[PDB]
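Inspection log for the structure reproduced underneath, given as structure tokens.
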2 protein chains.
Amino acid sequence: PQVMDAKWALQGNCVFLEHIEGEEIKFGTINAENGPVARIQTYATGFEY
Amino acid sequence: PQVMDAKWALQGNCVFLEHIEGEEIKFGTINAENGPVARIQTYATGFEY
């Protein structure tokens, strides 16, 4: 194509926090990562004689 | 266990002093040495989707 769309990916997050006793476990989160975008030009010249 | 007990040991203390004749020999001593303590914790994390 004239312009190339961006790749996408999904990732998780979590941290192992200390749990003494009876502490409610904290919950993690997810996040999304996306790529860059590229496109192509047209170049052209000629002759006349 | 959650906590680990210390290692123990006995050793004898002694010293050689000069003995001019007729002097009474001096007696020694024992002592007890104990090691360190360690413990183990709990870490945790989770998700809720």
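Residue names in the structure tokens use chain letters A, B, ... in the order shown, residue numbers from 1 in each chain, and ligand numbers from 1 in the order shown.
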After a least-squares superposition on chain B using every in-order C-alpha pair, I'd like chain A written out as a PDB file with C-alpha atoms, in the first residue's frame.
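What follows is the written file selection-v4.pdb:
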```pdb
ATOM      1  CA  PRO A   1      10.081 -23.194  59.084  1.00  0.00           C
ATOM      2  CA  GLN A   2       9.027 -19.569  58.989  1.00  0.00           C
ATOM      3  CA  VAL A   3      12.023 -18.773  61.229  1.00  0.00           C
ATOM      4  CA  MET A   4      15.292 -20.722  61.355  1.00  0.00           C
ATOM      5  CA  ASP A   5      16.888 -21.230  64.762  1.00  0.00           C
ATOM      6  CA  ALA A   6      20.517 -20.417  65.519  1.00  0.00           C
ATOM      7  CA  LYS A   7      23.392 -22.886  65.575  1.00  0.00           C
ATOM      8  CA  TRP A   8      25.315 -23.275  68.838  1.00  0.00           C
ATOM      9  CA  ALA A   9      28.858 -24.315  69.703  1.00  0.00           C
ATOM     10  CA  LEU A  10      31.058 -24.601  72.794  1.00  0.00           C
ATOM     11  CA  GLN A  11      34.749 -23.728  73.038  1.00  0.00           C
ATOM     12  CA  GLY A  12      37.554 -23.807  75.584  1.00  0.00           C
ATOM     13  CA  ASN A  13      40.171 -21.272  76.640  1.00  0.00           C
ATOM     14  CA  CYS A  14      43.605 -21.628  78.223  1.00  0.00           C
ATOM     15  CA  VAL A  15      46.888 -19.707  78.355  1.00  0.00           C
ATOM     16  CA  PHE A  16      50.309 -21.289  78.909  1.00  0.00           C
ATOM     17  CA  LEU A  17      51.712 -19.135  81.698  1.00  0.00           C
ATOM     18  CA  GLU A  18      55.298 -19.497  82.851  1.00  0.00           C
ATOM     19  CA  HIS A  19      55.776 -21.827  85.828  1.00  0.00           C
ATOM     20  CA  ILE A  20      59.000 -21.039  87.682  1.00  0.00           C
ATOM     21  CA  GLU A  21      58.768 -23.726  90.378  1.00  0.00           C
ATOM     22  CA  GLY A  22      55.972 -24.634  92.769  1.00  0.00           C
ATOM     23  CA  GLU A  23      53.632 -22.086  91.184  1.00  0.00           C
ATOM     24  CA  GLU A  24      50.071 -23.368  91.194  1.00  0.00           C
ATOM     25  CA  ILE A  25      48.947 -23.900  87.607  1.00  0.00           C
ATOM     26  CA  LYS A  26      46.199 -21.477  86.617  1.00  0.00           C
ATOM     27  CA  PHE A  27      43.040 -23.045  85.205  1.00  0.00           C
ATOM     28  CA  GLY A  28      41.207 -22.224  81.992  1.00  0.00           C
ATOM     29  CA  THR A  29      37.611 -21.496  81.062  1.00  0.00           C
ATOM     30  CA  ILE A  30      34.988 -22.419  78.465  1.00  0.00           C
ATOM     31  CA  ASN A  31      32.654 -20.204  76.462  1.00  0.00           C
ATOM     32  CA  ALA A  32      29.672 -20.672  74.159  1.00  0.00           C
ATOM     33  CA  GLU A  33      29.164 -19.241  70.668  1.00  0.00           C
ATOM     34  CA  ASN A  34      25.869 -19.043  68.772  1.00  0.00           C
ATOM     35  CA  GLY A  35      24.846 -18.283  65.213  1.00  0.00           C
ATOM     36  CA  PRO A  36      22.398 -15.838  63.628  1.00  0.00           C
ATOM     37  CA  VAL A  37      18.676 -16.231  62.858  1.00  0.00           C
ATOM     38  CA  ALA A  38      16.865 -16.057  59.503  1.00  0.00           C
ATOM     39  CA  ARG A  39      13.232 -16.043  58.382  1.00  0.00           C
ATOM     40  CA  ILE A  40      11.234 -16.148  55.143  1.00  0.00           C
ATOM     41  CA  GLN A  41       8.478 -13.832  53.885  1.00  0.00           C
ATOM     42  CA  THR A  42       5.522 -14.330  51.521  1.00  0.00           C
ATOM     43  CA  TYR A  43       5.030 -12.266  48.350  1.00  0.00           C
ATOM     44  CA  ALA A  44       2.015 -12.556  46.064  1.00  0.00           C
ATOM     45  CA  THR A  45      -0.026 -10.639  43.485  1.00  0.00           C
ATOM     46  CA  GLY A  46      -2.404 -11.550  40.683  1.00  0.00           C
ATOM     47  CA  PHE A  47      -4.971 -10.450  38.092  1.00  0.00           C
ATOM     48  CA  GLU A  48      -8.741 -10.294  37.683  1.00  0.00           C
ATOM     49  CA  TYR A  49     -10.475  -9.803  34.339  1.00  0.00           C
TER      50      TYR A  49
END
```
